[PDB]
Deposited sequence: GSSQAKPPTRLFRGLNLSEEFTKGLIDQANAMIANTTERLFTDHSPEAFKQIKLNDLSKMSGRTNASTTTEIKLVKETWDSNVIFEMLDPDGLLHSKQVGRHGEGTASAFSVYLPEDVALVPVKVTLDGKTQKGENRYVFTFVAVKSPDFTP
């Protein structure tokens, strides 16, 4: 299965600004504790924040092609998931780059980076939030 998948959300200016700060506070202060100590608490905290609004979902729509997200929904926030263990139960749906995705309760989307990536057709900053999918310690 594909190890990089994208999905976009259109989010408000106010909310995006707050989502970037939350992401950055986790990358600096919660994901080190997951990545160095293997803290079971870190993991839980990560699942609880659900930065990308993914938790519990069983057929959330994704694509291998970030451009498809840009051209179809022109999302200002794009969620990039790195799944080298295939813990997302990825299934092709179709459009040949469309995959359907399930995030188990013992798989966290660990945020690792937030990155500016041009502008939407409306002239919003577009941001990409990158995650690595990890199993519970």
property: Regions left out of the model, expressed as runs of the deposited sequence counted from 1; result: 1 to 6, 101 to 105, 149 to 152
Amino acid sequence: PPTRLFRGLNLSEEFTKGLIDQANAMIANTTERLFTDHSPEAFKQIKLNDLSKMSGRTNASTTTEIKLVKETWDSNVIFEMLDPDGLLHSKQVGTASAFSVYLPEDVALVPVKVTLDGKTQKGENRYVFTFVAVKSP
From here on, numbers count along this sequence of modelled residues.
| item | value |
| --- | --- |
| Of 55 to 63 and 40 to 48, the stretch whose C-alpha atoms average the higher B-factor in the entry | 40 to 48 |
| Stretch exceeding the other in mean C-alpha B-factor - 19 to 27, 125 to 133 | 19 to 27 |
| C-alpha B-factor winner, where the candidates are 79, 99, 102, 35 | 35 |
| Residue 85 by Cα B-factor - lowest, middle or highest third of the modelled chain | highest |
